[PDB]
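Asks: I have a structure I would like to understand better, so I am pasting it below and will then ask my questions one at a time.
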Amino acid sequence: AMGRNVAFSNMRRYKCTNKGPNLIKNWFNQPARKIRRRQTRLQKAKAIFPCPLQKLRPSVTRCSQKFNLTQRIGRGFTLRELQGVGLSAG
Amino acid sequence: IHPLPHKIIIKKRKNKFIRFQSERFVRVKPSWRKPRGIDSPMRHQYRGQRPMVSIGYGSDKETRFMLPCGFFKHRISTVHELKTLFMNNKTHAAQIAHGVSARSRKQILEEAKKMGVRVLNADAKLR
Amino acid sequence: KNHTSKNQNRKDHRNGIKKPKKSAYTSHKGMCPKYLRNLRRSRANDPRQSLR
Amino acid sequence: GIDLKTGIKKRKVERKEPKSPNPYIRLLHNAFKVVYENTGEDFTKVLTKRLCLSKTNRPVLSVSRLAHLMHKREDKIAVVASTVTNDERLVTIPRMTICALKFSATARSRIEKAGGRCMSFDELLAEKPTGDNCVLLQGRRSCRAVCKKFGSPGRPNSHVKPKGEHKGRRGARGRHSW
Amino acid sequence: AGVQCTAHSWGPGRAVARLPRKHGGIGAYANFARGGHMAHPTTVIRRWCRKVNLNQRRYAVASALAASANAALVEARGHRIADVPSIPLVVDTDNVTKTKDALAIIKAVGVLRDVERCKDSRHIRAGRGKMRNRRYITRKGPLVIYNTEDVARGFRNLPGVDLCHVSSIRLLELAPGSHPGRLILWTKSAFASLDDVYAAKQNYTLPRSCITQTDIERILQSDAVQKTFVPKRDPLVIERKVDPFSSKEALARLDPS
Amino acid sequence: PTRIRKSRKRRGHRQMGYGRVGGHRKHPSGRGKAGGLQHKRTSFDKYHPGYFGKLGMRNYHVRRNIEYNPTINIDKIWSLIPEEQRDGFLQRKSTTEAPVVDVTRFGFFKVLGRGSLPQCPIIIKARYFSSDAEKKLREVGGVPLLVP
RNA sequence: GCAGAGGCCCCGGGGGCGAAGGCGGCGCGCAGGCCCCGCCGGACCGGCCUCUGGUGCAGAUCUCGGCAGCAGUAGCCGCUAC
RNA sequence: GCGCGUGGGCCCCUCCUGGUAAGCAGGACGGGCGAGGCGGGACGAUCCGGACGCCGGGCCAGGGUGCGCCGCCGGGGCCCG
RNA sequence: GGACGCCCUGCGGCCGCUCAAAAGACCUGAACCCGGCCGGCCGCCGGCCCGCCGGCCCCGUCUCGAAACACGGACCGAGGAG
């Protein structure tokens, strides 16, 4: 506590507290953000009713030795994968 | 209206404990505050200094909190509270709150008379 | 005052004058290595032995 | 004035009551104290103080430690004043009767499958209040990470690890590096 | 606030305190100065929210539900339940859309006195709370829990009556004032689905039941503990000191001859 | 809560627990961990061995995933086997259809031998094995196999 | 003890049959303080449990506002005068 | 285990050292004041007694007992405080 | 938002008027401070019928040590610092 056996802090000293760029984010907007993002999704869903909101994305092995076995969604299907299903990019 | 016999009530100090130097200055109120000066004659309790508050002055447990009549005090605001709080005690007496209006204090007095409960402020708001 | 030893012996004897604790007398610190190896070799046989 | 400052050495603080807000722990402590007052069985004198202990003072006891501790005495009822926990390392748990303040769900299933009975302090009070055929067992108090760092690191005979990362030569690489 | 004005200390030699002063010489920029900043200004960076583990939150709502089923806790909480025929109260109430229909159901299951305790209790509160959009205070009455029934419209304007769905049982409603013991009017559907909502917690097992004070007392009076109990040695007699030589009866106890 | 704090019990005491001879003063010993080799040298020596200096080779960029080495002791290999399967496997012993554990699928790259293994022969697959791991597994009748 | 929040105050807490505040007098408490009565006042106010804090002043050449004794005191003494 | 204050001390005894000495500057066993009320030494942070809840009765330390001022007389010796 | 009468050279006063109340340039109206009238001669603590006896240096503060010929403080109210 007061010295004695303590672990030294890795806390960086506060910057621009008195003046300058606002370096304090506040999350009072977090409950309202969920509603706003939901409203945007609901309006987009209505705009293209039969079309699903998310595009089909490929299964990708997660990168690195640590996550090698596991799979995740990636950006898009390769042209070779879309040559096997017989499709074209467009 | 008459309580249990009880014993002699000894008050260790009849007068109130007053703050040091309350007399000299109006700004210093008489409410007791503990002296905490480096050179305070009252902290040192020198000869002739005013008496200091201590637990030794505490009243006997049997006669503590007891009114001069010999009944302890219960504060009543409504007829339900008299009926519930004064549930056959011969130790405690009732005392209507300052807020209770004259109209209500007649119906609080009447129930008390039926229950034989002493009311210390019986003659209050009486006109 | 450059130096005072007054009160020092009152402070020492207030809750002090404490014994050096047991396991300090029977410590093997500073004992001859050859004796300590002999002790371990002797202990590791029959009733004293604590291995499986 | 009376000299009470000579052969008299102050007073000690021993927790005489459990600081636990839990109503259950208070209910057992008062019960075990009532038994202790009427019959001064030393098993109950310890149990009364083992219920007043802190979480740190009351360490966890696994079903692996309990198997080793009760190896020669299967019939005796283990009495633990803390949480009994499972040890996935021990493939086969022996049948044992254990009474604790809490059993982990994984531990509770294993003891019941073995055929052992997981008792509770209320059950122990009902069957054996004095503590007959019962062993008061305790976990290892100095197993906490906090206990390992207690002491002054950097003193020659301390033999304790420093609290922070430090990562420097002075004072670490032997007595000479100081 | 309090740092908008321009104030610098006059300094020594002016026979004034050293606190920062405006061009007029008016004290400024200090906690003790009128028109001055707070010594430690209130700040929005305070952590308003605290955190609870899901298990602990689930434990509290499970325990509050258990307190509702204890008749003593509900009466102690101040609900009027003498008329109510069983605790917990489960009513097969169909979709009630009219307040008058809801009042009739509540009169017939005995909850009417609680609804009237809360209707007659509406008062203007004390303090500046009035000015802060909190003018009226009423008592809390029965909590309707419902599943697959439109009972909300019927009981919403009843005074002190609060409604909740069985999927989102709220603790603040279950324990008003941190005191557990809410009179809960369950609909038949809601009570039936309570054991299904508890299954829906993916990996939660309800805390295991424990003894009560009454159970502990019964064990302390049980034959097994009484058999273990051993009688204590008789105490010592203190007897206040008297002069032995004062009377022959006093002297006799120490010296019989 | 502010109401339960000791500071609110120091009202009327003046210094507020900081001392009449030396009161609370702005940063008396300096800001932060300064004076470590000079006036606070005693504290750094008594509680911080190895704070000052450079110790070993410096890697400008550490590949965290490359240096990720998760490990499993031989004692916990059987716990990966689900309880329903575990009891049957143990009872039947069996070398024709021995249980096969791939610790890499469970997230561990190296096997170690801290405890003991049950007698049932078990095939364990890992990217590396300790010397004890191999010895204890082989003695039980299990095979230490490498995994692609 | 203070100020707010969530409850309670058995027919739903105390109030123009007089709230808070102010003033004088009791009583109770070792004391912080509380309570009652009278008088002024004129619309709000609590006890208990849980919660929260910009929560208690005799001092800081303390800030701001009033204002005393000095004190009917010092003074109302240039440029000729009515 | 965690921490706070403190790290200007001073004074009486006892042996001390330097200095012409000093209510001087430095040491030291113990105690005191600091942080110990109270009675007394006229006065006096420390000296002599005695160390403190609130009171009533009794005893009595230290210091005294013409009068201020509570409380004294007896005897022996001296006798310009 | 002040009827009427009575007065005043007039100013202004007195009666009362409106109102629930002057609440009269304004709600409550504290302390300091001051004027009338009545009572005393007086600081605090203790004892007693109550003016006598006994005791009592000015606090806060650094300080070895403050009643200090050390420093801050006329008074009172509000604000005022983990």
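Chains: A, B, ... in order of the structure tokens. Residues: from 1 per chain. Ligands: from 1, in order shown.
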Provide as a PyMOL selection string the residues of chain H at most 10 Å from chain D, counting only C-alpha atoms (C1' of nucleotides).
Replies: chain H and resi 1+50-52
Asks: Return the neighbours of chain H among the residues of chain B, cut-off 8 Å, counting only C-alpha atoms (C1' of nucleotides), as a list in words.
Replies: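 Applying the cut-off to the listed atoms yields residues 12, 44, 45, 46, 54, 55, 56, 57 and 58 of chain B.
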Asks: Taking only C-alpha atoms (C1' of nucleotides) into account, which residues of chain F are within 8 Å of chain H, as a ChimeraX atom specification?
Replies: /F:17-19
Asks: With C-alpha atoms retained, write the just-selected residues as a CSV table (one decimal), in the first residue's frame.
Replies:
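The result, written out as result-v8.csv:
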```csv
chain,number,residue,atom,x,y,z
F,17,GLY,CA,-4.7,12.0,10.4
F,18,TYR,CA,-1.7,13.6,8.8
F,19,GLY,CA,0.2,14.9,11.9
```
Asks: Check the DSSP output for the backbone and give back, as a PyMOL selection string, the residues of chain F in strand (DSSP E or B).
Replies: chain F and resi 71-73+100-102+110-112+123-126+128-129+144-146
Asks: Can you write out as a Markdown table which residues of chain D fall within 12 Å of chain E, alongside each residue's closest atom pair and its distance in Å to one decimal, counting only C-alpha atoms and ordering rows by chain and ascending residue number?
Replies:
```
| residue | atom | partner | partner_atom | distance |
| --- | --- | --- | --- | --- |
| D:22 | CA | E:210 | CA | 11.2 |
| D:23 | CA | E:212 | CA | 8.6 |
| D:24 | CA | E:211 | CA | 7.2 |
| D:25 | CA | E:210 | CA | 10.3 |
| D:26 | CA | E:213 | CA | 9.7 |
| D:27 | CA | E:213 | CA | 6.4 |
| D:28 | CA | E:216 | CA | 7.6 |
| D:29 | CA | E:216 | CA | 10.5 |
| D:30 | CA | E:216 | CA | 9.3 |
| D:31 | CA | E:216 | CA | 6.9 |
| D:32 | CA | E:220 | CA | 9.3 |
| D:33 | CA | E:220 | CA | 10.9 |
| D:34 | CA | E:220 | CA | 8.1 |
| D:35 | CA | E:229 | CA | 6.9 |
| D:36 | CA | E:229 | CA | 8.8 |
| D:37 | CA | E:229 | CA | 8.8 |
| D:38 | CA | E:229 | CA | 5.3 |
| D:39 | CA | E:229 | CA | 5.0 |
| D:40 | CA | E:230 | CA | 8.3 |
| D:41 | CA | E:228 | CA | 9.4 |
| D:44 | CA | E:228 | CA | 11.5 |
| D:101 | CA | E:210 | CA | 10.8 |
| D:102 | CA | E:208 | CA | 10.0 |
| D:103 | CA | E:208 | CA | 10.6 |
| D:104 | CA | E:208 | CA | 11.4 |
| D:105 | CA | E:205 | CA | 9.4 |
| D:108 | CA | E:208 | CA | 11.9 |
| D:120 | CA | E:210 | CA | 9.1 |
| D:121 | CA | E:211 | CA | 9.8 |
| D:122 | CA | E:211 | CA | 7.1 |
| D:123 | CA | E:219 | CA | 9.3 |
| D:124 | CA | E:219 | CA | 10.4 |
| D:125 | CA | E:219 | CA | 7.4 |
| D:126 | CA | E:219 | CA | 5.9 |
| D:127 | CA | E:224 | CA | 6.8 |
| D:128 | CA | E:224 | CA | 7.7 |
| D:129 | CA | E:225 | CA | 6.1 |
| D:130 | CA | E:228 | CA | 6.6 |
| D:131 | CA | E:228 | CA | 10.0 |
| D:132 | CA | E:228 | CA | 10.3 |
```
Asks: Counting only C-alpha atoms (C1' of nucleotides), collect the residues of chain E whose closest atom lies at most 7 Å from chain G, and write them out as a PyMOL selection string.
Replies: chain E and resi 15-17+27+32-34+42+78+117+120-121+126+176-178
Asks: Go ahead and save the picked residues with N, CA and C atoms, as a compact mmCIF listing (two decimals), in the first residue's frame.
Replies:
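As written to disk, result.txt reads:
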```
# COMPACT_ATOMS: atom_id res chain seq x y z
N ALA E 15 -2.04 43.89 2.39
CA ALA E 15 -2.88 43.71 3.61
C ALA E 15 -4.18 42.98 3.28
N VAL E 16 -4.13 42.05 2.33
CA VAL E 16 -5.33 41.26 1.94
C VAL E 16 -4.91 39.79 1.93
N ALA E 17 -5.87 38.87 1.97
CA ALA E 17 -5.54 37.43 1.88
C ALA E 17 -4.99 37.13 0.49
N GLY E 27 -12.68 38.51 -4.29
CA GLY E 27 -12.16 37.13 -4.23
C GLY E 27 -12.83 36.23 -5.25
N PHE E 32 -13.79 28.58 -1.06
CA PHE E 32 -14.31 29.46 0.01
C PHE E 32 -14.73 30.82 -0.56
N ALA E 33 -14.48 31.06 -1.85
CA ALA E 33 -14.79 32.36 -2.47
C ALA E 33 -16.16 32.32 -3.13
N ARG E 34 -17.01 33.31 -2.86
CA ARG E 34 -18.34 33.38 -3.53
C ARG E 34 -18.07 33.64 -5.00
N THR E 42 -17.80 18.09 -9.11
CA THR E 42 -18.53 16.83 -9.38
C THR E 42 -18.17 16.43 -10.81
N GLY E 78 -45.55 -5.56 4.32
CA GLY E 78 -46.60 -4.54 4.43
C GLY E 78 -47.75 -4.78 3.48
N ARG E 117 -54.96 0.12 -0.22
CA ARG E 117 -53.85 0.67 0.60
C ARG E 117 -53.00 1.57 -0.29
N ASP E 120 -55.13 4.89 -1.56
CA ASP E 120 -55.39 5.92 -0.52
C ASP E 120 -54.05 6.48 -0.02
N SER E 121 -52.94 5.92 -0.50
CA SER E 121 -51.61 6.34 0.01
C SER E 121 -50.98 7.41 -0.87
N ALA E 126 -41.99 14.73 0.44
CA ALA E 126 -41.29 15.85 1.11
C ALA E 126 -39.98 16.18 0.38
N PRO E 176 -39.27 -4.58 -3.47
CA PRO E 176 -39.27 -3.12 -3.38
C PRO E 176 -38.57 -2.62 -2.11
N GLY E 177 -37.61 -1.71 -2.27
CA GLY E 177 -36.87 -1.16 -1.12
C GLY E 177 -35.82 -2.11 -0.60
N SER E 178 -35.44 -3.13 -1.38
CA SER E 178 -34.45 -4.17 -0.99
C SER E 178 -35.09 -5.16 -0.02
```
Asks: Rank nothing, just name the residue among C:32, C:7, C:41, C:20 nearest to chain H, using only C-alpha atoms (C1' of nucleotides).
Replies: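 Checking each candidate against chain H, we get C:7 as the closest.
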Asks: Could you find all residues in range 12-246 of chain E that DSSP calls helix (DSSP H, G or I) from the backbone, and write them as number ranges by chain?
Replies: E: 54-68, 71-76, 99-108, 112-119, 130-132, 152-156, 171-174, 176-178, 188-200, 213-220, 223-228
Asks: Define the interface residues of chain C facing chain H as those within 9 Å, counting only C-alpha atoms (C1' of nucleotides), and report them as a ChimeraX atom specification.
Replies: /C:1-6
Asks: Which neighbours of residue 144 in chain D fall inside 12 Å, counting only C-alpha atoms (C1' of nucleotides), when residues of the same chain fewer than 2 positions from it are skipped, and could you give them as a JSON list (two decimals) with C-alpha atoms, in the first residue's frame?
Replies:
```json
[["chain", "number", "residue", "atom", "x", "y", "z"],
["D", 55, "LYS", "CA", -12.37, -17.61, 3.46],
["D", 56, "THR", "CA", -8.54, -17.38, 3.28],
["D", 57, "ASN", "CA", -8.21, -19.28, 6.61],
["D", 58, "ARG", "CA", -10.74, -21.91, 5.34],
["D", 59, "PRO", "CA", -8.96, -23.37, 2.19],
["D", 60, "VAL", "CA", -10.61, -25.77, -0.35],
["D", 139, "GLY", "CA", -6.91, -27.64, 3.39],
["D", 140, "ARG", "CA", -3.43, -26.12, 2.97],
["D", 141, "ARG", "CA", -3.69, -22.51, 4.26],
["D", 142, "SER", "CA", -0.36, -21.35, 2.75],
["D", 146, "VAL", "CA", -0.56, -13.92, -1.85],
["D", 147, "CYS", "CA", 1.21, -16.05, 0.83],
["D", 148, "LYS", "CA", 4.08, -16.91, -1.59],
["D", 149, "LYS", "CA", 5.00, -13.20, -2.04],
["D", 150, "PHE", "CA", 4.84, -12.27, 1.72]]
```
Asks: Kindly assemble as JSON lines a list of the chain F residues that lie within 10 Å of chain I, each paired with its nearest atom pair and their distance in Å to one decimal, using only C-alpha atoms (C1' of nucleotides), sorted first by chain and then by ascending residue number.
Replies:
```
{"residue": "F:7", "atom": "CA", "partner": "I:82", "partner_atom": "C1'", "distance": 7.0}
{"residue": "F:8", "atom": "CA", "partner": "I:82", "partner_atom": "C1'", "distance": 9.6}
{"residue": "F:16", "atom": "CA", "partner": "I:82", "partner_atom": "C1'", "distance": 8.3}
{"residue": "F:20", "atom": "CA", "partner": "I:62", "partner_atom": "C1'", "distance": 8.5}
{"residue": "F:21", "atom": "CA", "partner": "I:62", "partner_atom": "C1'", "distance": 7.9}
{"residue": "F:24", "atom": "CA", "partner": "I:82", "partner_atom": "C1'", "distance": 9.9}
```
Asks: Convert the current residue selection to file output with N, CA, C and O atoms, as a PDB file, in the first residue's frame.
Replies:
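Output (result_36.pdb):
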```
ATOM      1  N   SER F   7     -12.572   8.838   6.522  1.00  0.00           N
ATOM      2  CA  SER F   7     -12.325  10.290   6.352  1.00  0.00           C
ATOM      3  C   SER F   7     -13.442  11.079   7.029  1.00  0.00           C
ATOM      4  O   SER F   7     -13.144  12.125   7.625  1.00  0.00           O
ATOM      5  N   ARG F   8     -14.667  10.545   7.002  1.00  0.00           N
ATOM      6  CA  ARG F   8     -15.837  11.258   7.575  1.00  0.00           C
ATOM      7  C   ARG F   8     -15.842  11.091   9.093  1.00  0.00           C
ATOM      8  O   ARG F   8     -16.769  11.608   9.739  1.00  0.00           O
ATOM      9  N   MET F  16      -6.497  15.852  10.214  1.00  0.00           N
ATOM     10  CA  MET F  16      -7.196  14.761   9.478  1.00  0.00           C
ATOM     11  C   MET F  16      -6.292  13.533   9.348  1.00  0.00           C
ATOM     12  O   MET F  16      -6.348  12.891   8.288  1.00  0.00           O
ATOM     13  N   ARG F  20       0.566  16.797  13.311  1.00  0.00           N
ATOM     14  CA  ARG F  20       0.762  18.246  13.568  1.00  0.00           C
ATOM     15  C   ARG F  20       2.177  18.663  13.178  1.00  0.00           C
ATOM     16  O   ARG F  20       2.321  19.761  12.621  1.00  0.00           O
ATOM     17  N   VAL F  21       3.177  17.827  13.464  1.00  0.00           N
ATOM     18  CA  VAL F  21       4.592  18.237  13.213  1.00  0.00           C
ATOM     19  C   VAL F  21       4.795  18.327  11.708  1.00  0.00           C
ATOM     20  O   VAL F  21       5.285  19.371  11.244  1.00  0.00           O
ATOM     21  N   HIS F  24      -0.038  17.021   5.898  1.00  0.00           N
ATOM     22  CA  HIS F  24      -0.047  16.587   4.486  1.00  0.00           C
ATOM     23  C   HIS F  24       0.539  17.750   3.690  1.00  0.00           C
ATOM     24  O   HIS F  24       0.045  18.877   3.845  1.00  0.00           O
TER      25      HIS F  24
END
```
